[PDB]
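Numbers and lists here come from the model and the stated rules, or from a named source; these are not laboratory values. Virtual Cβ from ideal backbone geometry, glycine too; neighbours counted across all protein chains shown.
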């Protein structure tokens, strides 16, 4: 079983920059190698075959090099829609194997979110449960703290955060923080607020 | 055109036995090698094996030698993927792909296999209107308590694409909770009619939720 070492695991560059991804096989596969691109919740798409051949519809800025056991994918002029994970696959012999992939992200400029707190709905309240979703949209970098304040203090109840993958268009990230609560626990306190690091938005 | 249709999301109990299908159209599978690939949440691609429909010959990545069994029916242009003694380790997305011999030029849309004891459950869909508030207007939809994955979410049945964000589902309990946000200009929200469409095939659930203040 020919093993494939792909490198690096993850990386970032600013638009225009060029990134090089590599894969090395445990033995000479004679250029029987191919690269793939896979975007979020999507199936993979062939990028190169026979180490150096571009696939149909594929741009010029994507090129393949190497021979023997060493191979590389180079993407010269980086585009925001290039955010994805790339995999190499070797068919020097069966069984064929994939590299562990490289997660590529775009390194843009800092950007503050656009927060939007939302009050639980009636139909939800119709059932003994309430949720307070907060949206932090289009920001960068990806890392960010989210704090909730029931009235004025911080008390335990329940917080859930979910991040989207990087944006193809603006290269930002978005996140949703949802404060969970029981209907009756909600019908008490009055000033709910979600903060981001600060930035605040709330409602009574 | 060359297509590959895969069977629907499947939820089964631990220890069961499944057999997913990949049906070709536009070409004859007798002519290619078909492959099966597994991909767990936010993880990599892993080949299981391949088959040559002509003679029925197969080869498996050793990791799957005792878990999978690939078959094909030249008559029906269909390739199958059988997984036995199911465990949660087997919960993931499964793909079939055509191998021209230089690359994989066609991929199936993939089949979501969930191995669990939980019961199928439709989601509740609660609209999320501002309720307070102005150039922009952001509103969302809240899909709570469904199982298994996945659900799809659209607005106006497809109309309005940009300014859309659907966050990945997380397990809030025995079930999944997911949210989606839309961002239309001020003048719209009011006058216009903004609705979110939810589809939870696993429970043949379709829902449209008109946003209201």
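Among the criteria (1) farther than 27 Å from residue A:201 by Cα; (2) more than 14 Å from chain A (Cβ to nearest Cβ), the one residue B:155 does not fulfil is (1). Can you name the condition, by its number, that residue B:102 falls short on among (1) part of a loop (DSSP other than H, G, I, E, B); (2) over 26 Å from residue A:87 (Cα atoms)? That leaves (2) as the condition not met. Residues of region A:39-58 that are more than 25 Å from residue A:167 (Cβ to Cβ), facing chain B (nearest Cβ under 9 Å) and not in a loop (DSSP other than H, G, I, E, B): A:48, A:49, A:53. Kindly indicate the residue of region B:84-102 that is more than 12 Å from chain A (Cβ to nearest Cβ) and under 26 Å from residue A:36 (Cα atoms) and also surrounded by the fewest Cβ atoms within 10 Å (Cβ to Cβ) among those meeting that condition. Applying the filter and picking the extreme gives B:89. The residues of region A:169-187 that are in contact with a helix residue (DSSP H, G or I) (Cβ under 9 Å, 6 or more places away or on another chain) and either on the phi > 0 side of the Ramachandran plot or within 12 Å of chain B (Cβ to nearest Cβ) (or both), listed by number, are A:169, A:170, A:171. Would you mind finding the one in B:193, B:183 that is in a loop (DSSP other than H, G, I, E, B), touching a strand residue (DSSP E or B) at 6+ places or on another chain (Cβ under 7 Å) and not assigned by CATH to the domain that holds residue B:41? Answer to the selection: B:193.
When we screen B:73, B:66, B:61, B:105 for residues that are over 29 Å from residue B:164 (Cβ atoms), facing chain A (nearest Cβ under 8 Å) and surrounded by fewer than 21 Cβ atoms within 10 Å (Cβ to Cβ), the only hit is B:105. With respect to being surrounded by fewer than 18 Cβ atoms within 10 Å (Cβ to Cβ), out of contact with any helix residue (DSSP H, G or I) (no Cβ under 7 Å at 6 or more places or on another chain) and within 11 Å of another protein chain (Cβ to nearest Cβ), residue A:36 falls outside the description. Restricting to region A:79-131, name every residue that is at the interface with chain B (Cβ under 8 Å from one of its Cβ atoms) and assigned to a helix (DSSP H, G or I). Selection gives A:123, A:124.
Going by the structure shown, is residue B:131 assigned to a loop (DSSP other than H, G, I, E, B), out of contact with any helix residue (DSSP H, G or I) (no Cβ under 9 Å at 6 or more places or on another chain) and either at the interface with chain A (Cβ under 10 Å from one of its Cβ atoms) or closer than 26 Å to residue A:175 by Cα (or both)?
On the way: assigned to a loop (DSSP other than H, G, I, E, B): yes; out of contact with any helix residue (DSSP H, G or I) (no Cβ under 9 Å at 6 or more places or on another chain): yes; either at the interface with chain A (Cβ under 10 Å from one of its Cβ atoms) or closer than 26 Å to residue A:175 by Cα (or both): yes.
Against the criterion (assigned to a loop (DSSP other than H, G, I, E, B), out of contact with any helix residue (DSSP H, G or I) (no Cβ under 9 Å at 6 or more places or on another chain) and either at the interface with chain A (Cβ under 10 Å from one of its Cβ atoms) or closer than 26 Å to residue A:175 by Cα (or both)), residue B:131 qualifies.
Take the residues in region B:109-128 that are at the interface with chain A (Cβ under 9 Å from one of its Cβ atoms) and under 16 Å from the mean Cα position of the chain (by Cα); name whichever of them is farthest from residue B:91 (Cα to Cα). Ranking the candidates gives B:109 first.
Take the conditions within 14 Å of chain B (Cβ to nearest Cβ), out of contact with any helix residue (DSSP H, G or I) (no Cβ under 7 Å at 6 or more places or on another chain), part of a strand (DSSP E or B) and crowded, with 17+ Cβ neighbours inside 10 Å and apply them to residue A:162. Does it pass?
Working: within 14 Å of chain B (Cβ to nearest Cβ): yes; out of contact with any helix residue (DSSP H, G or I) (no Cβ under 7 Å at 6 or more places or on another chain): yes; part of a strand (DSSP E or B): yes; crowded, with 17+ Cβ neighbours inside 10 Å: yes.
So residue A:162 fits the description; yes.
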